[PDB]
Amino acid sequence: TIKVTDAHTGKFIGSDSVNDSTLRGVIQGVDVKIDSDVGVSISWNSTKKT
Amino acid sequence: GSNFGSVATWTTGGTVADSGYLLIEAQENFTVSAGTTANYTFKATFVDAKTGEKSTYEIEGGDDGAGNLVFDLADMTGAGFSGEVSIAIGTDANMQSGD
Amino acid sequence: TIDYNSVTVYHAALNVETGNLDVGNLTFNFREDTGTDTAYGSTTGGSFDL
């Protein structure tokens, strides 16, 4: 889920819900790619081994 | 969002800095309103009516037993207020991000 | 030869659809000259339609 806002005014510009992490068709003439490993915490379950 | 009302109530004795406009914006979602002391986060912004300046702060508020959100205007540092404020939300109120 | 004074007043509004904030200004021009005997000034009241 992506929310874009301006850096000096703060007025709303756009939002999106994407699957392949490509922000397309909200900023005119530009497509933005965000890395897949952003904002995830990883742990290991030894009682279930997963 | 979901159903949540309005209407703010004062506490007698508060002091106001100047006439202006105030904006309260949410930070996190919750619908677990069944009666419990708790706290959640908000962002507050103030704009004046004579010079037009803008100030941005963080604040917190919490429900107590049912559908009421009490805030503290004392933490408006630099500007400065006093007294309390209570938003009458209501029971079975789901609060989403952006309302 | 006719005088005036300038007063700047801000006013704000909120839209219910996008979540943006509008902050505009009006400048009233207050009229030439009034007053009692040299004390502080004078002005009349009322209401008008913009």
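Residues numbered from 1 in each chain as written, not as in the entry; some residues may be left out. Chains lettered and ligands numbered in written order. Part of a larger assembly, values for the part shown. Heavy atoms only, no water.

- As recorded in the entry header, the structure was determined using cryo-EM to a resolution of 4.1 Å.

## What to know about the side chain of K43(B)
Residues and elements named next belong to chain B.
Right, so step 1: Locating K43 in the fold gives a position in strand β3 (residues 40-48).
Right, so step 2: Of the polar contacts made by the side chain of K43, one reaches the backbone oxygen of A26; its length is 3.0 Å.
Right, so step 3: Dropping the residues within four chain positions of it, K43 is found in contact with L23, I24, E25, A26, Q27, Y57 and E58. (Helix = DSSP H or I, 4+ residues; strand = E, 2+ residues; numbered from the N terminus. Polar contact = N/O pair within 3.5 Å; in protein donor to acceptor, adjacent residues only side chain to side chain. Contact = heavy atoms within 4.5 Å.)

## What to know about the pattern of salt bridges
Right, so step 1: Going through the model one piece at a time under the given rule, you end up with two salt bridges over all chains.
Right, so step 2: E25(B) is paired through a salt bridge with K43(B); the nearest N and O atoms lie 3.4 Å apart. Of this pair, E25(B) sits in strand β2 (residues 20-26) while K43(B) is found in strand β3, placing the two residues 18 residues apart along the sequence.
Right, so step 3: The partner of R31(C) in a salt bridge is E32(C), and the shortest N-O contact between them spans 3.2 Å. (Salt bridge = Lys/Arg side-chain N within 4 Å of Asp/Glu carboxyl O.)

## Topic: the packing of aromatic side chains
To describe a pair of aromatic rings, one takes the distance between the centres and the angle between the planes.
Residue and element names in this part refer to chain B.
Right, so step 1: In this structure the tally under the stated criterion is three aromatic pairs over all chains.
Right, so step 2: Arranged with centres 4.4 Å apart and planes meeting at 5°, the rings of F30 and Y40 form a pair that is stacked. You can see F30 sitting in the loop between β2 and β3 and its partner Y40 sitting in strand β3, a full 10 residues away along the chain.
Right, so step 3: Using a relative accessible area of 17% as the deciding quantity, one classes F30 as buried.
Right, so step 4: Seen from their ring centres, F46 and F81 are 6.0 Å apart, and the 40° between their planes marks the pair as tilted. Here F46, found in strand β3, pairs with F81, found in the loop between β5 (68-72) and β6 (84-88); they are 35 residues apart in sequence, far enough to count as distant. With respect to burial, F46 and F81 carry one shared label: buried. (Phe/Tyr/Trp six-rings, centres within 6.5 Å; stacked < 30°, edge-to-face > 60°. Buried < 20%, exposed > 50% of the residue type's maximum accessible area, 1.4 Å probe, protein only.)

## Here we look at the pairing of strand β2 (residues 21-30) of chain C
All names here are of chain C.
Right, so step 1: Judged from the 10 bridges that link them, strand β1 (residues 5-14) and β2 form a sheet pairing that is antiparallel. Looking at the pairing, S6 lines up with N29 of β2.
Right, so step 2: The loop that links β1 with its antiparallel partner β2 comprises six residues; one of these, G19, has a positive phi angle of about 85°. (Pairing = 2+ DSSP bridges.)

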